[PDB]
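>>> Model the structure of this input:
(one chain, ligands or ions: 4)
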Amino acid sequence: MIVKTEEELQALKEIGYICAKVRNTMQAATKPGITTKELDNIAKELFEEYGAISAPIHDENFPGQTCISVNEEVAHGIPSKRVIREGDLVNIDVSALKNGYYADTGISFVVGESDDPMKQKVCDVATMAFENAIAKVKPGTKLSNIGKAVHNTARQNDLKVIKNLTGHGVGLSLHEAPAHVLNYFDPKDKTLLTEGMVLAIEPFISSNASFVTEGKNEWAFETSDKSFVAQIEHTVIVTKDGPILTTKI
Ligand SMILES: CSCC[C@H](N)C(O)(O)c1nccs1
Ligand SMILES: [Co+2]
Ligand SMILES: [Co+2]
Ligand SMILES: [Co+2]
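Numbers count the residues shown, from 1 in each chain. Ligands and ions are numbered 1, 2, ... in the order given. There you are, the coordinates:
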């Protein structure tokens with residue numbers, strides 16, 4: 001959406017806070033021996049407490065408050081009896097609405113220690129990619145400069161991006177214009193950011209695969225080669241004074 005009023009801004013900051021709070025709490029609770037359903041239950045309880053509702057359930061009838069994706073799963077993982085183990089690469093993606101306004105945020109992290117430092121590496125580089133992407137964000141700038149930054153960051157670190165996952169406009173719905181914020185540069189795209197524009201920016205950084213495929217069920221996205229992939233996602237408002245992240249605390 002385009003923010004035009006204080007009251008819209010306040011609504012967006014409110015639901016952004018809630019999603020960040022849920023995301024942080026779930027991440028903190030993630031340890032060997034907990035199931036992803038147990039983690040999802042944390043979101044259930046905090047969403048209720050803060051008067052928000054799950055965006056995956058509301059907008060998509062997703063079977064879970066949040067999306068929790070582990071190891072082979074990159075995105076859209078269904079919380080379940082799956083138990084977290086030492087070394088797991090976990091993505092927790094939290095999106096929700098309150099009073100008609102939305103936020104969307106996500107983080108990948110390593111549980112304890114993996115035997116393969118690449119899991120942390122893709123996490124490190126996803127964080128860098130996000131930072132580099134938003135350095136480029138102001139009214140009038142090319143949407144495609146976001147993907148350019150993300151892919152450049154990947155390349156600088158001998159990594160790849162997931163080309164067929166994207167960011168999106170967000171605000172009055174989970175997904176609205178601009179339809180796709182790419183993780184790479186499209187020379188032909190003349191779409192610009194504007195004052196007040198709200199975007200979910202979510203770089204996916206991969207150790208090998210450049211795309212995801214259908215996974216173990218109707219929802220999960222995976223890589224067949226079991227690449228390690230990390231996401232960082234925030235909801236961002238484009239302003240003259242710089243980006244405002246509603247989902248950063
Ligand atoms: C299945 S509803 C969850 C969508 C997710 N919040 C998202 O928009 O961040 C992603 N888009 C692509 C991958 S994760
Ligand atoms: Co998300
Ligand atoms: Co998203
Ligand atoms: Co999406």
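>>> what does this structure have sitting close to ligand 3?
Within the chain, the positions near ligand 3 by C-beta under 5 Å from the ion are 104, 200. (Each C-beta comes from the backbone N, C-alpha and C, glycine too.)
>>> switch the cut-off to 6 Å
Taking C-beta under 6 Å from the ion as the criterion, the neighbours of ligand 3 within the chain are 104, 168, 200, 202, 233.
>>> surely residue 119 meets residue 86?
No - between residue 119 and residue 86 there is no contact under C-beta atoms under 8 Å: 11.5 Å.
>>> Which of these two has more residues huddled nearby?
More neighbours sit around residue 119 than around the other of residue 119 and residue 86, counting by other C-beta atoms under 10 Å; the figures are 24 against 13.
>>> Helix, strand, or coil at that one?
When states are read from DSSP: H, G, I helix; E, B strand; the rest coil, the local structure at residue 119 comes out as helix.
>>> Strands of this protein, residue ranges please.
In order along the chain, the chain carries the following strands (DSSP state E): 53-54, 67-70, 73-75, 89-98, 101-110, 160-161, 167-169, 176-181, 198-201, 204-206, 213-214, 221-222, 229-237, 244-245.
>>> Is it possible to get CSV of these that adds mean neighbour count and distance to residue 135?
Rendered in CSV, the data for the strands of the chain read as follows (neighbours: other C-beta atoms under 10 Å; distance: least, C-beta to C-beta, whole Å):
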stretch, mean neighbour count, distance to residue 135
strand 53-54, 19, 31
strand 67-70, 26, 27
strand 73-75, 26, 25
strand 89-98, 26, 23
strand 101-110, 26, 19
strand 160-161, 24, 17
strand 167-169, 23, 16
strand 176-181, 16, 15
strand 198-201, 26, 11
strand 204-206, 29, 17
strand 213-214, 12, 32
strand 221-222, 22, 28
strand 229-237, 27, 12
strand 244-245, 18, 13
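>>> is it possible to export those to CSV including distance to residue 153?
Conversion of those to CSV gives the following (distance: least, C-beta to C-beta, whole Å):
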stretch, distance to residue 153
strand 53-54, 31
strand 67-70, 21
strand 73-75, 18
strand 89-98, 18
strand 101-110, 15
strand 160-161, 9
strand 167-169, 15
strand 176-181, 15
strand 198-201, 13
strand 204-206, 8
strand 213-214, 24
strand 221-222, 21
strand 229-237, 11
strand 244-245, 18
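>>> Would you format those strands as TSV with distance to ligand 1 included?
Conversion of the strands of the chain to TSV gives the following (distance: least, C-beta to the nearest ligand atom, whole Å):
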stretch	distance to ligand 1
strand 53-54	9
strand 67-70	5
strand 73-75	4
strand 89-98	4
strand 101-110	5
strand 160-161	13
strand 167-169	6
strand 176-181	10
strand 198-201	6
strand 204-206	7
strand 213-214	13
strand 221-222	7
strand 229-237	5
strand 244-245	15
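>>> With residue 17 as the reference, name the closest of those.
Distances from residue 17 to each of the strands of the chain were compared by C-beta to C-beta, and the smallest falls on strand 101-110, at 8.2 Å.
>>> out of the strands of the chain, which comes closest to residue 145?
Between residue 145 and the strands of the chain, the tightest spacing by C-beta to C-beta is seen for strand 176-181, at 10.6 Å.
>>> now that closest one, how far from the centre of its chain.
Computed by C-alpha atoms, centre = their mean, to the nearest Å, the separation of strand 176-181 from the middle of its chain amounts to 14 Å.
>>> My read is that residue 128 contacts residue 155, right?
No - at 12.0 Å, residue 128 and residue 155 do not qualify as touching, with contact defined as C-beta under 8 Å.
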